[PDB]
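Shown next as structure tokens: one chain only, the form deposited in one PDB entry.
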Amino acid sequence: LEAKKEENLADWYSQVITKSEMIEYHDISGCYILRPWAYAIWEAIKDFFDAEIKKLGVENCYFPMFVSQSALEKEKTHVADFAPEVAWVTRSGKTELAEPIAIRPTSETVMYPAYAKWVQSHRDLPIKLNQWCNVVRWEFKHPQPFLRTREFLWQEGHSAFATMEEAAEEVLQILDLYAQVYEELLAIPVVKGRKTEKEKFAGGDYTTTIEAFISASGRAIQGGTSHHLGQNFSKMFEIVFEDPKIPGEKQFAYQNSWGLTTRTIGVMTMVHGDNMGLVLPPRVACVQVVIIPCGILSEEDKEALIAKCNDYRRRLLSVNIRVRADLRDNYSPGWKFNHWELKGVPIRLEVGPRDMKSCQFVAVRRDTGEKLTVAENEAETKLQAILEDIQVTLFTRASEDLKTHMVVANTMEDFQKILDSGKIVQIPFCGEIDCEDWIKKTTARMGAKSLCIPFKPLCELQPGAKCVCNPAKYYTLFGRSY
């Protein structure tokens, strides 16, 4: 690592994702290779979330990636301002297709016809389907590894209910899981909220969301989305059942949708990354402890030193710690120290010849850099403890960081001043789409958009407070954003 995250952020991010062997660049703009080090993180997220949504009775499936032209255009499913982001297959070989086919940017236009056919009575609900898949969006904003990629991996759930009550409970549940992904797995604090009228999904009833902060940018980022669609989509797609006991009334399903993507890993990179490279939260690190042999001596002695490392590897596996023994002959220990530091492994387990005679080892934590001499017998207890402290340390630093950088303002005067200090701001807001668009352009004279209306703002709106606009309806979190 040569750039420094506080001075050039773009270079520092580029250098940490590549030198950590997370990302390889591709020759299609906005597309990046996910090497095993980064993909393992995604798998951890995947393993957690998936387990959690199965408890809620969701089931995993897979729907076509191809969207016919008439299907995607059939309903008012998305505003006509998304259409330029849609990538069209137009020929196979050099043989032009009779009609062009779209690559899935989201799956409503492909599963909601299937839901319509599956729902023929109250018995057919609820429908709870989820797919892990790739998604393409020909983004016009600046593409960045894992923040905004023209192809990305994600999970979308689409659900269909007989009553609004059940729909509403799942929206908040799913949002809580996303918040758990970010806070307990990646050690990133987030702010739950509801999107404004401007920033909501146009075709739903209301959009909930988690927002994350990246101090080094001063910018927020949407970490996940959970819509309640009401019946706006069931009416479009005719997802209807007819209650026998309520003759003469159609029952349109109440629907939700929700998504989360590999953008998570980018956030983790920019929140916990330091000027020595990646910093993995133990919760998601595929290697929690790397064992490195030091001090190279007889051949039998050398084999004995390797034996001790692999003994440590076996003890640690037995207590469900993910451990790698870097026993490679071809690199020096110093080289391995730097290598696994760039990769961001939580703990390096250092063991030399005079330590195995001494019945001790060295632990170095990636976050603090503090060295520790630990008795050999107390390895499981001490290394488990240290992993739990790194996670709580990483979440604490970022929590204390988010507290610091998110403050309340009631004047656009202060709001403009605080915003330019690289902070995000909860202001009294009139909700109007115009007032939001005035704030956005005035904050450039890099404008400020709305992030979320917090479910639990910092400060309660004093009755009859006016918007910074119209009276204020709710405190709204505003800021510059990714």
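The numbering used is simple: start at 1 and walk along the sequence shown. If you superpose the two forms and keep the largest set of C-alpha atoms that fall within 1.5 Å, you have the rigid core.
Just so you know, the form deposited in another entry exists too; it's not on screen, but the next bit is about it.
For the set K403, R328, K117, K250, a Cα shift of at least 2 angstroms between this form and the one not shown, after rigid core superposition, holds for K250 and for no other residue. Superposed on the core, the two forms differ at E75: its CA moves 2 Å or more between this form and the one not shown. Relative to the superposed rigid core, the position of the CA of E165 differs between this form and the one not shown by less than 2 Å. When the rigid core is held fixed, the Cα atom of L97 travels 2 angstroms or more between this form and the one not shown.
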